[PDB]
Every structure is written in C-alpha cells, then in structure tokens.
>>> print(open('input-v1.csv').read())   # CSV, C-alpha atoms
chain,number,residue,atom,x,y,z
A,1,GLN,CA,-27.8,-6.9,-18.2
A,2,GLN,CA,-25.3,-5.3,-20.6
A,3,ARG,CA,-24.2,-2.2,-18.6
A,4,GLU,CA,-22.9,-4.3,-15.7
A,5,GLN,CA,-20.9,-6.7,-18.0
A,6,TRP,CA,-19.5,-3.9,-20.2
A,7,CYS,CA,-18.1,-1.9,-17.2
A,8,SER,CA,-17.1,-5.1,-15.3
A,9,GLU,CA,-14.8,-5.9,-18.1
A,10,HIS,CA,-12.8,-2.7,-17.7
A,11,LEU,CA,-13.0,-3.4,-14.0
A,12,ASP,CA,-11.5,-6.8,-14.4
A,13,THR,CA,-8.6,-5.4,-16.5
A,14,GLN,CA,-7.9,-2.5,-14.1
A,15,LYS,CA,-7.8,-4.8,-11.1
A,16,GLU,CA,-5.4,-7.2,-12.7
A,17,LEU,CA,-3.0,-4.5,-13.7
A,18,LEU,CA,-3.2,-2.7,-10.4
A,19,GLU,CA,-2.7,-5.9,-8.5
A,20,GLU,CA,0.5,-6.4,-10.5
A,21,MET,CA,1.7,-2.9,-9.8
A,22,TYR,CA,1.1,-3.4,-6.0
A,23,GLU,CA,2.6,-6.9,-6.0
A,24,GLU,CA,5.9,-5.5,-7.3
A,25,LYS,CA,5.8,-2.8,-4.6
A,26,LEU,CA,5.3,-5.6,-2.0
A,27,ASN,CA,8.2,-7.6,-3.5
A,28,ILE,CA,10.6,-4.7,-3.5
A,29,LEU,CA,9.8,-4.3,0.2
A,30,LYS,CA,10.1,-8.0,0.9
A,31,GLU,CA,13.4,-8.2,-0.9
A,32,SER,CA,14.9,-5.1,0.7
A,33,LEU,CA,14.0,-6.2,4.2
A,34,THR,CA,15.1,-9.7,3.8
A,35,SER,CA,18.5,-8.6,2.4
A,36,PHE,CA,18.9,-6.4,5.4
A,37,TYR,CA,17.9,-9.1,7.8
A,38,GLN,CA,20.0,-11.8,6.3
A,39,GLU,CA,23.0,-9.6,6.7
A,40,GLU,CA,22.2,-9.3,10.3
A,41,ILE,CA,21.7,-13.0,10.6
A,42,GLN,CA,25.0,-13.6,8.8
A,43,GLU,CA,27.0,-11.3,11.1
A,44,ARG,CA,25.6,-13.3,14.0
A,45,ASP,CA,26.3,-16.6,12.4
A,46,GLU,CA,29.9,-15.7,12.0
A,47,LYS,CA,30.2,-14.7,15.7
A,48,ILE,CA,28.6,-18.1,16.6
A,49,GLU,CA,31.3,-19.8,14.5
A,50,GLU,CA,34.1,-18.0,16.3
A,51,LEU,CA,32.7,-18.7,19.7
A,52,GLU,CA,32.1,-22.3,18.9
A,53,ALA,CA,35.8,-22.7,17.7
A,54,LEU,CA,37.1,-21.1,20.9
A,55,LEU,CA,34.9,-23.5,22.9
A,56,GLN,CA,36.4,-26.5,21.0
A,57,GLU,CA,39.8,-25.2,22.1
A,58,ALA,CA,38.9,-24.5,25.7
A,59,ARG,CA,37.5,-28.0,26.3
A,60,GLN,CA,40.6,-29.5,24.5
A,61,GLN,CA,42.6,-27.1,26.6
A,62,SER,CA,42.5,-29.5,29.6
B,1,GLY,CA,-29.1,14.4,-28.6
B,2,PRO,CA,-30.5,11.7,-26.3
B,3,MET,CA,-28.4,8.9,-27.8
B,4,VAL,CA,-25.3,10.8,-27.1
B,5,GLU,CA,-26.6,11.5,-23.6
B,6,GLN,CA,-27.3,7.8,-22.9
B,7,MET,CA,-23.7,7.1,-24.0
B,8,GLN,CA,-22.2,9.8,-21.8
B,9,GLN,CA,-24.3,8.6,-18.9
B,10,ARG,CA,-23.1,5.0,-19.2
B,11,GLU,CA,-19.5,6.1,-19.6
B,12,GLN,CA,-19.6,8.3,-16.5
B,13,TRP,CA,-21.4,5.6,-14.5
B,14,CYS,CA,-18.5,3.2,-15.2
B,15,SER,CA,-15.8,5.8,-14.7
B,16,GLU,CA,-17.0,6.4,-11.2
B,17,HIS,CA,-16.9,2.7,-10.4
B,18,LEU,CA,-13.4,2.4,-11.8
B,19,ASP,CA,-12.4,5.2,-9.5
B,20,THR,CA,-13.8,3.5,-6.5
B,21,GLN,CA,-12.1,0.2,-7.4
B,22,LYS,CA,-8.8,2.0,-7.8
B,23,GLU,CA,-9.2,3.4,-4.2
B,24,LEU,CA,-10.3,0.1,-2.8
B,25,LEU,CA,-7.4,-1.7,-4.3
B,26,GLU,CA,-4.9,0.7,-2.8
B,27,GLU,CA,-6.4,0.0,0.6
B,28,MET,CA,-6.1,-3.7,0.1
B,29,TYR,CA,-2.5,-3.2,-0.8
B,30,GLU,CA,-1.9,-1.1,2.3
B,31,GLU,CA,-3.3,-3.9,4.4
B,32,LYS,CA,-1.3,-6.5,2.6
B,33,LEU,CA,1.8,-4.4,3.0
B,34,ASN,CA,1.1,-4.1,6.7
B,35,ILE,CA,0.7,-7.9,7.1
B,36,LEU,CA,3.9,-8.4,5.2
B,37,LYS,CA,6.0,-5.9,7.1
B,38,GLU,CA,4.7,-7.4,10.3
B,39,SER,CA,5.4,-11.0,9.3
B,40,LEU,CA,8.9,-10.3,8.0
B,41,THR,CA,9.8,-8.2,11.1
B,42,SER,CA,8.4,-10.7,13.6
B,43,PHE,CA,10.2,-13.6,11.8
B,44,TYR,CA,13.6,-12.0,11.6
B,45,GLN,CA,13.4,-10.6,15.1
B,46,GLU,CA,12.8,-14.1,16.5
B,47,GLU,CA,15.8,-15.3,14.4
B,48,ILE,CA,18.0,-12.4,15.6
B,49,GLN,CA,17.0,-13.0,19.2
B,50,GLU,CA,17.6,-16.7,19.0
B,51,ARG,CA,21.1,-16.1,17.7
B,52,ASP,CA,21.8,-13.4,20.2
B,53,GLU,CA,20.9,-15.9,22.9
B,54,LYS,CA,23.2,-18.5,21.4
B,55,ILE,CA,26.1,-16.0,21.5
B,56,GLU,CA,25.4,-15.4,25.2
B,57,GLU,CA,25.2,-19.1,25.9
B,58,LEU,CA,28.3,-19.8,24.0
B,59,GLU,CA,30.1,-17.0,25.9
B,60,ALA,CA,29.1,-18.6,29.2
B,61,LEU,CA,30.1,-22.1,28.1
B,62,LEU,CA,33.5,-20.6,27.0
B,63,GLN,CA,34.0,-19.0,30.4
B,64,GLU,CA,33.0,-22.3,32.2
B,65,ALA,CA,35.4,-24.3,30.0
B,66,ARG,CA,38.2,-22.0,30.8
B,67,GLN,CA,37.5,-22.1,34.5
B,68,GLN,CA,37.7,-25.9,34.4
B,69,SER,CA,40.9,-25.7,32.4
B,70,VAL,CA,42.6,-23.3,34.9
B,71,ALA,CA,41.3,-25.4,37.7
>>> encode(input="input-v1.csv", output="structure tokens")
Amino acid sequence: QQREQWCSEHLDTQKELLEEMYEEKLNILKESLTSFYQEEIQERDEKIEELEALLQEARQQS
Amino acid sequence: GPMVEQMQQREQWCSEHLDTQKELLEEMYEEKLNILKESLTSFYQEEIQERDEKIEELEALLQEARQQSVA
C-alpha cells in the first residue's frame, strides 16, 4: 500500500508544477500569435472603413 | 546493509516513474500545443479571408456606384 502513495505524492507535485510550466509556454504562444493576427485584422478593418466611406460618397455622388 | 538497500530500491523505483511522467507530460504539452496552434491559425485565417472578401466586394460595389454616377 505505502510505496504507491509515497511516490504518487511526488508524482502529484511534479505534474502540477510541470503543467504550470507548460501552460505558460502555451500562453506565450497564444498571446504572440493573437497579437500578430489582430494586427492583420486591424489593417484590414481600416481598409474596409476607407472603402466604405468612398462608397458612401459614390452613391451620394449621383 | 539491507535496510539501506530497501531504501535505495524504493527511491530508485520512484525516480524512474518520475522520469516517465516527465516525458509523458511533455508529450501531452506538445499535443496541446499542436491543437492550440491549429485552432488559432484556422480561426484567424477564416477572419482574414472573410475580411479580404469584404474588401473585394466593397471594391466592386464602389466601381458599380461610380459607373451609375457617370451614367
């Protein structure tokens, strides 16, 4: 009985700390990619705004 | 003596399991990383594509509007 539960306690602690180490890695990746992609999304949103305004004008043009 | 040996045997037995867990956890992280890269890419690609297609549609609505204004 006691071997399993003595080791398993160090196994629990190791897993918790390694899961934290890896979760930070995953977050750094998640944040870096999303900042890159939100920049690309923003550049496109600004072009959509420009084109929309031009359209406002062309319809009002006649 | 043998009491020391029983202790060293228990310690090594556990050490080997901690090593195996360490390697298994890294594989689980690699898979979770793969899933996350794939989810984030696929999501932002769809968003980029959708916006690219709006730019093209707006460009064709603009040309149409200007054709009707000239006419």
>>> atom_distance(input="input-v1.csv", atom1="CA of residue 17 in chain B", atom2="CA of residue 11 in chain A")
8.1 Å
>>> atom_distance(input="input-v1.csv", atom1="CA of residue 12 in chain A", atom2="CA of residue 34 in chain B")
24.7 Å
>>> interface_residues(input="input-v1.csv", of="chain A", to="chain B", cutoff="8 Å", atoms="only C-alpha atoms", output="MDAnalysis selection string")
chainID A and resid 3 7 10:11 14:15 18:19 22 26 30 33:34 37 40:41 44:45 47:48 51:52 54:55 58:59 61:62
>>> atom_distance(input="input-v1.csv", atom1="CA of residue 23 in chain B", atom2="CA of residue 24 in chain A")
17.8 Å
